[PDB]
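Take a look at this single chain in structure tokens; it is the form deposited in one PDB entry.
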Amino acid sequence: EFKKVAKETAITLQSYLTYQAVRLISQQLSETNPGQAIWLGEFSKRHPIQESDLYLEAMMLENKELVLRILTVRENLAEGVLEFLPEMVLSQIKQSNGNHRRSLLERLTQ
């Protein structure tokens, strides 16, 4: 099932990177254009960024400009971040595993 799981993870990463896009943009808009930060916040109450293609589709009806920036920002975030994710996540898995195996072997040898 490494196909079913790869696919589901990629969809999850795609949507998560989109949330990170909207988090970053909203942070800039806090200083740069506060009334749009606020708007972005309320629209996100009314639309679960979880279902991200629908969110963006919902947003084009009201703010095409913000939709475009999320598209752009998330493409850059992906392009920036994705290359280190393999090495990072695997390394964190090997060391979380390491900790947990060191801890329970400690309990097993009381």
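Take the two forms, find the largest set of C-alpha atoms that superpose within 1.5 Å, and that set is the rigid core. Numbers follow the displayed sequence, beginning with 1. Residues that one form lacks are left out of the comparison.
One more form of this protein should be noted, the form solved in complex with a partner chain, which is absent from this view; the next part is about it.
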> Is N33 one of the residues lying within 4.5 Å of the partner chain in the deposited complex, judged by heavy atom distances?
Replying inline: no
> Are any of the heavy atoms in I49 no more than 4.5 Å from a heavy atom of the partner chain in the deposited complex?
Replying inline: yes
> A6: CA shift of at least 2 Å between the shown form and the other one after core fit?
Replying inline: no
> Which consecutive stretches of at least 3 residues differ between the shown form and the other one by 2 Å or more at every CA, rigid core held fixed, listed in sequence order?
Replying inline: 101-110
